[PDB]
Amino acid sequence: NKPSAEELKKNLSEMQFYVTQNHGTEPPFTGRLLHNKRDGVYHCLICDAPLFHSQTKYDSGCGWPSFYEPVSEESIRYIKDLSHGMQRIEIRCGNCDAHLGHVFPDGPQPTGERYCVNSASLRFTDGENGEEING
């Protein structure tokens, strides 16, 4: 994490702490940014590192914000995840290790990757004016 664990517990909503710090998943189809179509950048809620640009976002129908690639190779950390009786690849913020979601091999071209990401893990910075909203 970029801030102290004390600052996070006091500034994060219960859902945002659960997702980013406790490896939780926000309920499917409830994320604030699920159907956002505005131009801008999705940053890590915790440390504000850029993670995904709006141009890579698409409507997968899977339950959560979906992107086909991150802004850079080093932006994301990949971990084997056996939670929930499944075998998946967990994605975390490469800078602060906040939990983001998972990556799947069923995405569109060119990557063929679906980056499944909790709205609660993201801060969206609007390309029109720099206005920021927490997911």
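Position 1 is the first residue in the sequence shown; the rest follow in order.
Once the C-alpha B-factors are averaged per stretch, 105-113 and 84-92 rank with 105-113 first. In the deposited entry, the Cα temperature factor of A120 places it in the middle third of its chain's modelled residues. Ranked by C-alpha B-factor against the other modelled residues of its chain, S72 falls in the highest third. Sort the modelled residues of the chain by CA B factor and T20 lands in the lowest third. Among the modelled residues of its chain, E26 has a C-alpha B-factor that falls in the lowest third, as given in the PDB entry.
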